[PDB]
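Visitor: Next up, run_7.cif (mmCIF, N, CA and C atoms).
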```
data_protein
loop_
_atom_site.group_PDB
_atom_site.id
_atom_site.type_symbol
_atom_site.label_atom_id
_atom_site.label_comp_id
_atom_site.auth_asym_id
_atom_site.auth_seq_id
_atom_site.Cartn_x
_atom_site.Cartn_y
_atom_site.Cartn_z
ATOM 1 N N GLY A 1 0.823 -1.198 0.000
ATOM 2 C CA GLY A 1 0.000 0.000 0.000
ATOM 3 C C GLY A 1 0.866 1.261 0.000
ATOM 4 N N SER A 2 0.377 2.277 -0.696
ATOM 5 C CA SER A 2 1.093 3.538 -0.784
ATOM 6 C C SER A 2 1.237 4.156 0.608
ATOM 7 N N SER A 3 2.484 4.375 0.997
ATOM 8 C CA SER A 3 2.771 4.958 2.296
ATOM 9 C C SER A 3 2.197 4.074 3.405
ATOM 10 N N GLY A 4 2.827 2.924 3.587
ATOM 11 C CA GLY A 4 2.391 1.984 4.605
ATOM 12 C C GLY A 4 2.043 0.628 3.989
ATOM 13 N N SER A 5 1.396 -0.203 4.792
ATOM 14 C CA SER A 5 1.001 -1.526 4.340
ATOM 15 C C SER A 5 -0.519 -1.676 4.427
ATOM 16 N N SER A 6 -1.040 -2.577 3.606
ATOM 17 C CA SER A 6 -2.471 -2.826 3.580
ATOM 18 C C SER A 6 -2.918 -3.449 4.905
ATOM 19 N N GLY A 7 -2.955 -2.614 5.932
ATOM 20 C CA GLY A 7 -3.360 -3.068 7.252
ATOM 21 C C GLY A 7 -4.870 -3.317 7.306
ATOM 22 N N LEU A 8 -5.524 -3.036 6.189
ATOM 23 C CA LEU A 8 -6.962 -3.223 6.096
ATOM 24 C C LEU A 8 -7.294 -4.701 6.312
ATOM 25 N N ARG A 9 -6.522 -5.551 5.651
ATOM 26 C CA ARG A 9 -6.722 -6.986 5.762
ATOM 27 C C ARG A 9 -7.098 -7.361 7.197
ATOM 28 N N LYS A 10 -6.211 -7.013 8.117
ATOM 29 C CA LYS A 10 -6.436 -7.306 9.523
ATOM 30 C C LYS A 10 -7.778 -6.711 9.954
ATOM 31 N N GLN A 11 -7.972 -5.449 9.600
ATOM 32 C CA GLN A 11 -9.201 -4.756 9.943
ATOM 33 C C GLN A 11 -10.410 -5.512 9.387
ATOM 34 N N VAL A 12 -10.364 -5.763 8.086
ATOM 35 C CA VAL A 12 -11.443 -6.473 7.422
ATOM 36 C C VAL A 12 -11.768 -7.746 8.206
ATOM 37 N N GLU A 13 -10.748 -8.575 8.376
ATOM 38 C CA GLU A 13 -10.911 -9.823 9.101
ATOM 39 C C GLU A 13 -11.791 -9.609 10.335
ATOM 40 N N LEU A 14 -11.407 -8.623 11.131
ATOM 41 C CA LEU A 14 -12.149 -8.306 12.340
ATOM 42 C C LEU A 14 -13.603 -8.000 11.975
ATOM 43 N N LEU A 15 -13.761 -7.181 10.946
ATOM 44 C CA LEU A 15 -15.087 -6.804 10.488
ATOM 45 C C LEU A 15 -15.893 -8.066 10.172
ATOM 46 N N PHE A 16 -15.419 -8.798 9.175
ATOM 47 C CA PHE A 16 -16.082 -10.024 8.765
ATOM 48 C C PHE A 16 -16.311 -10.948 9.962
ATOM 49 N N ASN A 17 -15.218 -11.275 10.637
ATOM 50 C CA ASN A 17 -15.287 -12.146 11.797
ATOM 51 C C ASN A 17 -16.311 -11.589 12.789
ATOM 52 N N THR A 18 -16.095 -10.340 13.172
ATOM 53 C CA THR A 18 -16.987 -9.682 14.111
ATOM 54 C C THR A 18 -18.442 -9.826 13.656
ATOM 55 N N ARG A 19 -18.670 -9.491 12.395
ATOM 56 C CA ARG A 19 -20.004 -9.577 11.827
ATOM 57 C C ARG A 19 -20.561 -10.993 11.995
ATOM 58 N N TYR A 20 -19.734 -11.966 11.638
ATOM 59 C CA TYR A 20 -20.130 -13.360 11.743
ATOM 60 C C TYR A 20 -20.671 -13.672 13.140
ATOM 61 N N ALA A 21 -19.958 -13.178 14.140
ATOM 62 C CA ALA A 21 -20.354 -13.396 15.521
ATOM 63 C C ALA A 21 -21.845 -13.091 15.674
ATOM 64 N N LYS A 22 -22.231 -11.923 15.180
ATOM 65 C CA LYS A 22 -23.619 -11.502 15.255
ATOM 66 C C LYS A 22 -24.498 -12.526 14.535
ATOM 67 N N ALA A 23 -23.901 -13.185 13.553
ATOM 68 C CA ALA A 23 -24.615 -14.189 12.782
ATOM 69 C C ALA A 23 -24.756 -15.463 13.618
ATOM 70 N N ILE A 24 -23.951 -15.536 14.667
ATOM 71 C CA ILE A 24 -23.976 -16.690 15.551
ATOM 72 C C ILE A 24 -24.378 -16.241 16.958
ATOM 73 N N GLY A 25 -24.688 -14.958 17.068
ATOM 74 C CA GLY A 25 -25.088 -14.392 18.345
ATOM 75 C C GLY A 25 -23.893 -14.277 19.293
ATOM 76 N N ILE A 26 -22.723 -14.091 18.699
ATOM 77 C CA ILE A 26 -21.501 -13.965 19.475
ATOM 78 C C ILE A 26 -21.122 -12.486 19.582
ATOM 79 N N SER A 27 -20.476 -12.154 20.690
ATOM 80 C CA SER A 27 -20.053 -10.783 20.928
ATOM 81 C C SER A 27 -18.664 -10.553 20.331
ATOM 82 N N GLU A 28 -17.820 -11.565 20.471
ATOM 83 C CA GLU A 28 -16.465 -11.487 19.953
ATOM 84 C C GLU A 28 -16.431 -11.927 18.488
ATOM 85 N N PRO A 29 -15.291 -11.609 17.819
ATOM 86 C CA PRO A 29 -15.119 -11.964 16.420
ATOM 87 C C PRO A 29 -14.833 -13.461 16.267
ATOM 88 N N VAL A 30 -15.453 -14.047 15.254
ATOM 89 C CA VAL A 30 -15.275 -15.464 14.987
ATOM 90 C C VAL A 30 -14.806 -15.653 13.543
ATOM 91 N N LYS A 31 -14.331 -16.857 13.260
ATOM 92 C CA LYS A 31 -13.850 -17.178 11.928
ATOM 93 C C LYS A 31 -15.033 -17.217 10.958
ATOM 94 N N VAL A 32 -14.745 -16.878 9.711
ATOM 95 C CA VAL A 32 -15.771 -16.870 8.681
ATOM 96 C C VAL A 32 -15.452 -17.945 7.641
ATOM 97 N N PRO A 33 -16.364 -18.950 7.554
ATOM 98 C CA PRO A 33 -16.191 -20.038 6.607
ATOM 99 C C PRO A 33 -16.506 -19.582 5.181
ATOM 100 N N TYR A 34 -15.616 -18.757 4.648
ATOM 101 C CA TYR A 34 -15.787 -18.242 3.300
ATOM 102 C C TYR A 34 -16.382 -19.308 2.378
ATOM 103 N N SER A 35 -15.657 -20.411 2.256
ATOM 104 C CA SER A 35 -16.099 -21.507 1.411
ATOM 105 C C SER A 35 -17.607 -21.717 1.572
ATOM 106 N N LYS A 36 -18.012 -21.933 2.815
ATOM 107 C CA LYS A 36 -19.417 -22.149 3.117
ATOM 108 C C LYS A 36 -20.255 -21.078 2.417
ATOM 109 N N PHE A 37 -19.760 -19.850 2.482
ATOM 110 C CA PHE A 37 -20.450 -18.732 1.862
ATOM 111 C C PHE A 37 -20.205 -18.706 0.352
ATOM 112 N N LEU A 38 -19.110 -19.333 -0.048
ATOM 113 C CA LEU A 38 -18.751 -19.389 -1.456
ATOM 114 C C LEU A 38 -19.589 -20.466 -2.148
ATOM 115 N N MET A 39 -19.476 -21.681 -1.634
ATOM 116 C CA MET A 39 -20.215 -22.802 -2.190
ATOM 117 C C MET A 39 -21.716 -22.651 -1.935
ATOM 118 N N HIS A 40 -22.034 -21.870 -0.913
ATOM 119 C CA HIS A 40 -23.422 -21.635 -0.554
ATOM 120 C C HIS A 40 -23.665 -20.133 -0.398
ATOM 121 N N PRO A 41 -23.608 -19.418 -1.554
ATOM 122 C CA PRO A 41 -23.819 -17.981 -1.557
ATOM 123 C C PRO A 41 -25.301 -17.644 -1.381
ATOM 124 N N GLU A 42 -26.140 -18.610 -1.726
ATOM 125 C CA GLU A 42 -27.577 -18.430 -1.611
ATOM 126 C C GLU A 42 -28.030 -18.675 -0.172
ATOM 127 N N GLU A 43 -27.271 -19.514 0.519
ATOM 128 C CA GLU A 43 -27.583 -19.841 1.901
ATOM 129 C C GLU A 43 -26.842 -18.896 2.849
ATOM 130 N N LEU A 44 -25.529 -18.841 2.674
ATOM 131 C CA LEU A 44 -24.698 -17.986 3.503
ATOM 132 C C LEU A 44 -24.103 -16.871 2.642
ATOM 133 N N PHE A 45 -24.445 -15.642 3.001
ATOM 134 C CA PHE A 45 -23.953 -14.485 2.273
ATOM 135 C C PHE A 45 -23.819 -13.272 3.196
ATOM 136 N N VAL A 46 -23.377 -12.169 2.612
ATOM 137 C CA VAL A 46 -23.201 -10.940 3.367
ATOM 138 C C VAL A 46 -23.975 -9.811 2.682
ATOM 139 N N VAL A 47 -24.607 -8.987 3.505
ATOM 140 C CA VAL A 47 -25.381 -7.868 2.995
ATOM 141 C C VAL A 47 -24.800 -6.561 3.539
ATOM 142 N N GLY A 48 -25.016 -5.495 2.781
ATOM 143 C CA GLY A 48 -24.521 -4.187 3.173
ATOM 144 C C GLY A 48 -23.243 -3.833 2.411
ATOM 145 N N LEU A 49 -22.532 -4.871 1.998
ATOM 146 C CA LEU A 49 -21.293 -4.685 1.261
ATOM 147 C C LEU A 49 -21.473 -3.550 0.250
ATOM 148 N N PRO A 50 -20.325 -2.917 -0.113
ATOM 149 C CA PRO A 50 -20.344 -1.820 -1.066
ATOM 150 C C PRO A 50 -20.553 -2.335 -2.491
ATOM 151 N N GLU A 51 -20.440 -1.417 -3.440
ATOM 152 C CA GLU A 51 -20.613 -1.763 -4.840
ATOM 153 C C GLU A 51 -19.321 -2.358 -5.403
ATOM 154 N N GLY A 52 -19.491 -3.363 -6.252
ATOM 155 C CA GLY A 52 -18.351 -4.024 -6.865
ATOM 156 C C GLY A 52 -17.511 -4.754 -5.815
ATOM 157 N N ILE A 53 -18.187 -5.195 -4.765
ATOM 158 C CA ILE A 53 -17.517 -5.906 -3.689
ATOM 159 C C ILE A 53 -18.461 -6.969 -3.122
ATOM 160 N N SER A 54 -17.880 -8.110 -2.782
ATOM 161 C CA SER A 54 -18.654 -9.208 -2.228
ATOM 162 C C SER A 54 -17.918 -9.818 -1.034
ATOM 163 N N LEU A 55 -18.168 -11.101 -0.817
ATOM 164 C CA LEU A 55 -17.539 -11.811 0.283
ATOM 165 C C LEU A 55 -16.368 -12.638 -0.253
ATOM 166 N N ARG A 56 -15.181 -12.313 0.239
ATOM 167 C CA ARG A 56 -13.980 -13.014 -0.179
ATOM 168 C C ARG A 56 -12.808 -12.652 0.736
ATOM 169 N N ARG A 57 -11.732 -13.413 0.596
ATOM 170 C CA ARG A 57 -10.544 -13.184 1.399
ATOM 171 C C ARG A 57 -10.121 -11.717 1.313
ATOM 172 N N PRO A 58 -9.786 -11.144 2.502
ATOM 173 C CA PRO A 58 -9.364 -9.757 2.571
ATOM 174 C C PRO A 58 -7.935 -9.591 2.050
ATOM 175 N N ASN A 59 -7.722 -10.078 0.837
ATOM 176 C CA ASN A 59 -6.411 -9.991 0.215
ATOM 177 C C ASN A 59 -6.578 -9.805 -1.294
ATOM 178 N N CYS A 60 -7.448 -10.625 -1.867
ATOM 179 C CA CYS A 60 -7.708 -10.562 -3.294
ATOM 180 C C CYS A 60 -8.197 -9.152 -3.631
ATOM 181 N N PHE A 61 -8.845 -8.535 -2.655
ATOM 182 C CA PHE A 61 -9.366 -7.190 -2.833
ATOM 183 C C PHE A 61 -8.236 -6.159 -2.827
ATOM 184 N N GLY A 62 -8.588 -4.940 -3.206
ATOM 185 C CA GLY A 62 -7.617 -3.859 -3.248
ATOM 186 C C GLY A 62 -7.821 -2.894 -2.077
ATOM 187 N N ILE A 63 -6.737 -2.229 -1.705
ATOM 188 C CA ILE A 63 -6.783 -1.279 -0.608
ATOM 189 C C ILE A 63 -8.086 -0.482 -0.682
ATOM 190 N N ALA A 64 -8.275 0.179 -1.816
ATOM 191 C CA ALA A 64 -9.469 0.979 -2.026
ATOM 192 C C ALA A 64 -10.699 0.168 -1.612
ATOM 193 N N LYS A 65 -10.766 -1.050 -2.128
ATOM 194 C CA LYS A 65 -11.879 -1.933 -1.822
ATOM 195 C C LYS A 65 -11.917 -2.195 -0.315
ATOM 196 N N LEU A 66 -10.818 -2.739 0.187
ATOM 197 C CA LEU A 66 -10.714 -3.044 1.604
ATOM 198 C C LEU A 66 -11.350 -1.912 2.412
ATOM 199 N N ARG A 67 -10.915 -0.697 2.115
ATOM 200 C CA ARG A 67 -11.431 0.474 2.804
ATOM 201 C C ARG A 67 -12.955 0.533 2.679
ATOM 202 N N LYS A 68 -13.414 0.552 1.435
ATOM 203 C CA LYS A 68 -14.841 0.608 1.165
ATOM 204 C C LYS A 68 -15.578 -0.299 2.152
ATOM 205 N N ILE A 69 -15.223 -1.575 2.114
ATOM 206 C CA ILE A 69 -15.840 -2.551 2.995
ATOM 207 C C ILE A 69 -15.792 -2.035 4.435
ATOM 208 N N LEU A 70 -14.596 -1.645 4.850
ATOM 209 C CA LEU A 70 -14.402 -1.132 6.195
ATOM 210 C C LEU A 70 -15.319 0.072 6.415
ATOM 211 N N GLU A 71 -15.539 0.812 5.338
ATOM 212 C CA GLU A 71 -16.391 1.987 5.398
ATOM 213 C C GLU A 71 -17.864 1.574 5.439
ATOM 214 N N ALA A 72 -18.129 0.394 4.898
ATOM 215 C CA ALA A 72 -19.485 -0.126 4.867
ATOM 216 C C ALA A 72 -19.625 -1.239 5.907
ATOM 217 N N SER A 73 -18.812 -1.136 6.949
ATOM 218 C CA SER A 73 -18.834 -2.121 8.016
ATOM 219 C C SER A 73 -20.214 -2.147 8.677
ATOM 220 N N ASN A 74 -20.578 -1.013 9.259
ATOM 221 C CA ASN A 74 -21.863 -0.891 9.925
ATOM 222 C C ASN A 74 -22.960 -1.445 9.013
ATOM 223 N N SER A 75 -22.822 -1.151 7.729
ATOM 224 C CA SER A 75 -23.790 -1.611 6.747
ATOM 225 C C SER A 75 -23.653 -3.121 6.545
ATOM 226 N N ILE A 76 -22.412 -3.553 6.372
ATOM 227 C CA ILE A 76 -22.133 -4.965 6.170
ATOM 228 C C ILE A 76 -22.896 -5.786 7.210
ATOM 229 N N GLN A 77 -23.187 -7.026 6.842
ATOM 230 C CA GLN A 77 -23.908 -7.920 7.731
ATOM 231 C C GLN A 77 -23.904 -9.344 7.169
ATOM 232 N N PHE A 78 -23.539 -10.283 8.030
ATOM 233 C CA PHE A 78 -23.489 -11.680 7.634
ATOM 234 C C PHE A 78 -24.818 -12.381 7.925
ATOM 235 N N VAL A 79 -25.624 -12.507 6.880
ATOM 236 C CA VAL A 79 -26.919 -13.151 7.010
ATOM 237 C C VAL A 79 -26.750 -14.663 6.849
ATOM 238 N N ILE A 80 -27.329 -15.395 7.791
ATOM 239 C CA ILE A 80 -27.250 -16.845 7.766
ATOM 240 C C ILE A 80 -28.622 -17.421 7.406
ATOM 241 N N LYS A 81 -28.612 -18.334 6.447
ATOM 242 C CA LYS A 81 -29.842 -18.966 6.002
ATOM 243 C C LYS A 81 -29.797 -20.457 6.344
ATOM 244 N N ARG A 82 -28.637 -21.051 6.107
ATOM 245 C CA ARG A 82 -28.449 -22.465 6.384
ATOM 246 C C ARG A 82 -27.094 -22.699 7.054
ATOM 247 N N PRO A 83 -27.121 -22.720 8.414
ATOM 248 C CA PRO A 83 -25.908 -22.933 9.183
ATOM 249 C C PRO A 83 -25.479 -24.401 9.135
ATOM 250 N N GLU A 84 -26.411 -25.244 8.716
ATOM 251 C CA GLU A 84 -26.144 -26.668 8.619
ATOM 252 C C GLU A 84 -24.968 -26.925 7.673
ATOM 253 N N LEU A 85 -24.748 -25.970 6.781
ATOM 254 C CA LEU A 85 -23.665 -26.079 5.820
ATOM 255 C C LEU A 85 -22.325 -25.972 6.551
ATOM 256 N N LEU A 86 -22.252 -24.996 7.445
ATOM 257 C CA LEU A 86 -21.039 -24.776 8.214
ATOM 258 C C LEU A 86 -20.534 -26.115 8.754
ATOM 259 N N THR A 87 -21.458 -26.875 9.322
ATOM 260 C CA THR A 87 -21.122 -28.174 9.879
ATOM 261 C C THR A 87 -21.105 -29.238 8.779
ATOM 262 N N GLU A 88 -19.936 -29.402 8.177
ATOM 263 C CA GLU A 88 -19.773 -30.379 7.113
ATOM 264 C C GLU A 88 -18.329 -30.881 7.071
ATOM 265 N N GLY A 89 -18.177 -32.110 6.598
ATOM 266 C CA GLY A 89 -16.861 -32.717 6.501
ATOM 267 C C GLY A 89 -16.865 -33.876 5.503
ATOM 268 N N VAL A 90 -15.815 -34.681 5.575
ATOM 269 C CA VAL A 90 -15.685 -35.823 4.687
ATOM 270 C C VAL A 90 -15.803 -37.113 5.502
ATOM 271 N N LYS A 91 -16.349 -38.134 4.858
ATOM 272 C CA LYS A 91 -16.524 -39.421 5.508
ATOM 273 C C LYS A 91 -16.215 -40.539 4.509
ATOM 274 N N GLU A 92 -16.175 -41.757 5.028
ATOM 275 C CA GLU A 92 -15.892 -42.916 4.196
ATOM 276 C C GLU A 92 -17.194 -43.615 3.801
ATOM 277 N N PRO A 93 -17.188 -44.187 2.567
ATOM 278 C CA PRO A 93 -18.357 -44.885 2.059
ATOM 279 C C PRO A 93 -18.513 -46.251 2.730
ATOM 280 N N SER A 94 -19.764 -46.646 2.911
ATOM 281 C CA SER A 94 -20.063 -47.924 3.536
ATOM 282 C C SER A 94 -19.861 -49.058 2.530
ATOM 283 N N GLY A 95 -19.311 -50.156 3.028
ATOM 284 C CA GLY A 95 -19.059 -51.315 2.188
ATOM 285 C C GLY A 95 -20.250 -52.276 2.209
ATOM 286 N N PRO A 96 -20.190 -53.285 1.299
ATOM 287 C CA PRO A 96 -21.250 -54.273 1.206
ATOM 288 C C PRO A 96 -21.177 -55.268 2.365
ATOM 289 N N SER A 97 -20.010 -55.880 2.504
ATOM 290 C CA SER A 97 -19.796 -56.852 3.563
ATOM 291 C C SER A 97 -18.298 -57.083 3.766
ATOM 292 N N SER A 98 -17.968 -57.630 4.927
ATOM 293 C CA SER A 98 -16.580 -57.909 5.255
ATOM 294 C C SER A 98 -16.356 -59.419 5.346
ATOM 295 N N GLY A 99 -15.149 -59.829 4.981
ATOM 296 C CA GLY A 99 -14.796 -61.238 5.016
ATOM 297 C C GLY A 99 -14.960 -61.879 3.637
#
```
Let's see the structure in the file written out as structure tokens.
Guide:
Amino acid sequence: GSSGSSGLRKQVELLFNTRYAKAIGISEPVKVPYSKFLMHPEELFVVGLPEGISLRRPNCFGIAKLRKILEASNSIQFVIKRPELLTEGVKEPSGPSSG
């Protein structure tokens, strides 16, 4: 960043994380399962975001953008539709029989 470093990233994180908390009824900032919101943008998304900006890692974006978001923090909001997505993982397939 011009004259300094893109310290927004850290800020953004707090914003997103913080926002998420409210999405989970938490007071402190929590991690944001981007993927969950990525693979499930219809279920998990963010509202209030500025123009030409969405939900993504606070790095791919540009300082200007980062700021915008930070500027639209109060506006920003992590709306949850299907939290069941958050809780997901990988498992092994069941076999026919053993022996």
Visitor: Convert the output of the PyMOL selection byres ((chain A and resi 48) around 6.5) on the shown file into explicit residues, formatted as a PyMOL selection string.
Guide: chain A and resi 46-47+49-50+72+75-77
Visitor: Put those residues in a file: N, CA and C atoms, as a CSV table (one decimal), in the frame of the given file.
Guide:
```csv
chain,number,residue,atom,x,y,z
A,46,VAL,N,-23.4,-12.2,2.6
A,46,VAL,CA,-23.2,-10.9,3.4
A,46,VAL,C,-24.0,-9.8,2.7
A,47,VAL,N,-24.6,-9.0,3.5
A,47,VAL,CA,-25.4,-7.9,3.0
A,47,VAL,C,-24.8,-6.6,3.5
A,49,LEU,N,-22.5,-4.9,2.0
A,49,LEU,CA,-21.3,-4.7,1.3
A,49,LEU,C,-21.5,-3.6,0.2
A,50,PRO,N,-20.3,-2.9,-0.1
A,50,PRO,CA,-20.3,-1.8,-1.1
A,50,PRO,C,-20.6,-2.3,-2.5
A,72,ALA,N,-18.1,0.4,4.9
A,72,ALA,CA,-19.5,-0.1,4.9
A,72,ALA,C,-19.6,-1.2,5.9
A,75,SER,N,-22.8,-1.2,7.7
A,75,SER,CA,-23.8,-1.6,6.7
A,75,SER,C,-23.7,-3.1,6.5
A,76,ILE,N,-22.4,-3.6,6.4
A,76,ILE,CA,-22.1,-5.0,6.2
A,76,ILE,C,-22.9,-5.8,7.2
A,77,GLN,N,-23.2,-7.0,6.8
A,77,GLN,CA,-23.9,-7.9,7.7
A,77,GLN,C,-23.9,-9.3,7.2
```
Visitor: Could you tell me, as a ChimeraX atom specification, exactly which residues end up selected when the PyMOL selection byres ((chain A and resi 78-86) around 8) is applied to this structure?
Guide: /A:16,18-24,33,36-37,40,42-48,75-77,87-89
Visitor: Apply the PyMOL selection byres (((chain A and resi 59 and name CA) around 10) and name CA) to the structure shown and report the selected residues as a PDB file with N, CA and C atoms, keeping the file's coordinate frame.
Guide:
```
ATOM      1  N   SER A   6      -1.040  -2.577   3.606  1.00  0.00           N
ATOM      2  CA  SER A   6      -2.471  -2.826   3.580  1.00  0.00           C
ATOM      3  C   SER A   6      -2.918  -3.449   4.905  1.00  0.00           C
ATOM      4  N   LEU A   8      -5.524  -3.036   6.189  1.00  0.00           N
ATOM      5  CA  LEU A   8      -6.962  -3.223   6.096  1.00  0.00           C
ATOM      6  C   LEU A   8      -7.294  -4.701   6.312  1.00  0.00           C
ATOM      7  N   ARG A   9      -6.522  -5.551   5.651  1.00  0.00           N
ATOM      8  CA  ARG A   9      -6.722  -6.986   5.762  1.00  0.00           C
ATOM      9  C   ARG A   9      -7.098  -7.361   7.197  1.00  0.00           C
ATOM     10  N   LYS A  10      -6.211  -7.013   8.117  1.00  0.00           N
ATOM     11  CA  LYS A  10      -6.436  -7.306   9.523  1.00  0.00           C
ATOM     12  C   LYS A  10      -7.778  -6.711   9.954  1.00  0.00           C
ATOM     13  N   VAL A  12     -10.364  -5.763   8.086  1.00  0.00           N
ATOM     14  CA  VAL A  12     -11.443  -6.473   7.422  1.00  0.00           C
ATOM     15  C   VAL A  12     -11.768  -7.746   8.206  1.00  0.00           C
ATOM     16  N   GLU A  13     -10.748  -8.575   8.376  1.00  0.00           N
ATOM     17  CA  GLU A  13     -10.911  -9.823   9.101  1.00  0.00           C
ATOM     18  C   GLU A  13     -11.791  -9.609  10.335  1.00  0.00           C
ATOM     19  N   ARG A  56     -15.181 -12.313   0.239  1.00  0.00           N
ATOM     20  CA  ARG A  56     -13.980 -13.014  -0.179  1.00  0.00           C
ATOM     21  C   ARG A  56     -12.808 -12.652   0.736  1.00  0.00           C
ATOM     22  N   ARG A  57     -11.732 -13.413   0.596  1.00  0.00           N
ATOM     23  CA  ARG A  57     -10.544 -13.184   1.399  1.00  0.00           C
ATOM     24  C   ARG A  57     -10.121 -11.717   1.313  1.00  0.00           C
ATOM     25  N   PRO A  58      -9.786 -11.144   2.502  1.00  0.00           N
ATOM     26  CA  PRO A  58      -9.364  -9.757   2.571  1.00  0.00           C
ATOM     27  C   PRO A  58      -7.935  -9.591   2.050  1.00  0.00           C
ATOM     28  N   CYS A  60      -7.448 -10.625  -1.867  1.00  0.00           N
ATOM     29  CA  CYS A  60      -7.708 -10.562  -3.294  1.00  0.00           C
ATOM     30  C   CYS A  60      -8.197  -9.152  -3.631  1.00  0.00           C
ATOM     31  N   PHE A  61      -8.845  -8.535  -2.655  1.00  0.00           N
ATOM     32  CA  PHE A  61      -9.366  -7.190  -2.833  1.00  0.00           C
ATOM     33  C   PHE A  61      -8.236  -6.159  -2.827  1.00  0.00           C
ATOM     34  N   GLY A  62      -8.588  -4.940  -3.206  1.00  0.00           N
ATOM     35  CA  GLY A  62      -7.617  -3.859  -3.248  1.00  0.00           C
ATOM     36  C   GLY A  62      -7.821  -2.894  -2.077  1.00  0.00           C
ATOM     37  N   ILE A  63      -6.737  -2.229  -1.705  1.00  0.00           N
ATOM     38  CA  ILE A  63      -6.783  -1.279  -0.608  1.00  0.00           C
ATOM     39  C   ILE A  63      -8.086  -0.482  -0.682  1.00  0.00           C
ATOM     40  N   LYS A  65     -10.766  -1.050  -2.128  1.00  0.00           N
ATOM     41  CA  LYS A  65     -11.879  -1.933  -1.822  1.00  0.00           C
ATOM     42  C   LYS A  65     -11.917  -2.195  -0.315  1.00  0.00           C
ATOM     43  N   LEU A  66     -10.818  -2.739   0.187  1.00  0.00           N
ATOM     44  CA  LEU A  66     -10.714  -3.044   1.604  1.00  0.00           C
ATOM     45  C   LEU A  66     -11.350  -1.912   2.412  1.00  0.00           C
TER      46      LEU A  66
END
```
Visitor: Between atom N of residue 30 (chain A) and CA of residue 52 (chain A), what is the spacing in Å?
Guide: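 Atom N of residue 30 (chain A) lies 24.5 Å from CA of residue 52 (chain A).
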Visitor: Which residue is closest to residue 14 (chain A)? Choose from A:94, A:74, A:35, A:29 and count all atoms listed in the file.
Guide: A:29
Visitor: Identify which of the residues A:92, A:27, A:5, A:53 lies closest to residue 69 (chain A), counting all atoms listed in the file when measuring atom-to-atom distances.
Guide: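 Among the listed residues, the smallest separation from residue 69 (chain A) belongs to A:53.
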Visitor: Just give me the gap between CA of residue 31 (chain A) and atom C of residue 90 (chain A) in Å, one decimal is fine.
Guide: 21.0 Å
Visitor: Missing atoms in region 18-29 of chain A should be modelled up to N, CA, C and O atoms and reported as a short mmCIF file (atom, residue, chain, number, x, y, z; two decimals), keeping the file's coordinate frame.
Guide:
```cif
data_model
loop_
_atom_site.label_atom_id
_atom_site.label_comp_id
_atom_site.auth_asym_id
_atom_site.auth_seq_id
_atom_site.Cartn_x
_atom_site.Cartn_y
_atom_site.Cartn_z
N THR A 18 -16.10 -10.34 13.17
CA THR A 18 -16.99 -9.68 14.11
C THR A 18 -18.44 -9.83 13.66
O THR A 18 -19.30 -10.23 14.44
N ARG A 19 -18.67 -9.49 12.40
CA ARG A 19 -20.00 -9.58 11.83
C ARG A 19 -20.56 -10.99 12.00
O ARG A 19 -21.70 -11.17 12.43
N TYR A 20 -19.73 -11.97 11.64
CA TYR A 20 -20.13 -13.36 11.74
C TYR A 20 -20.67 -13.67 13.14
O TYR A 20 -21.70 -14.34 13.28
N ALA A 21 -19.96 -13.18 14.14
CA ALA A 21 -20.35 -13.40 15.52
C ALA A 21 -21.84 -13.09 15.67
O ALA A 21 -22.59 -13.90 16.22
N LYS A 22 -22.23 -11.92 15.18
CA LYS A 22 -23.62 -11.50 15.26
C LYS A 22 -24.50 -12.53 14.54
O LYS A 22 -25.67 -12.69 14.87
N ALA A 23 -23.90 -13.18 13.55
CA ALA A 23 -24.62 -14.19 12.78
C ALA A 23 -24.76 -15.46 13.62
O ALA A 23 -25.57 -16.33 13.30
N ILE A 24 -23.95 -15.54 14.67
CA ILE A 24 -23.98 -16.69 15.55
C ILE A 24 -24.38 -16.24 16.96
O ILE A 24 -24.40 -17.04 17.89
N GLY A 25 -24.69 -14.96 17.07
CA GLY A 25 -25.09 -14.39 18.34
C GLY A 25 -23.89 -14.28 19.29
O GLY A 25 -24.05 -14.36 20.51
N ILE A 26 -22.72 -14.09 18.70
CA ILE A 26 -21.50 -13.96 19.48
C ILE A 26 -21.12 -12.49 19.58
O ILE A 26 -21.41 -11.70 18.68
N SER A 27 -20.48 -12.15 20.69
CA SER A 27 -20.05 -10.78 20.93
C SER A 27 -18.66 -10.55 20.33
O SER A 27 -18.39 -9.49 19.77
N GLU A 28 -17.82 -11.56 20.47
CA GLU A 28 -16.46 -11.49 19.95
C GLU A 28 -16.43 -11.93 18.49
O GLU A 28 -17.39 -12.52 17.99
N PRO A 29 -15.29 -11.61 17.82
CA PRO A 29 -15.12 -11.96 16.42
C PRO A 29 -14.83 -13.46 16.27
O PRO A 29 -14.08 -14.04 17.05
#
```
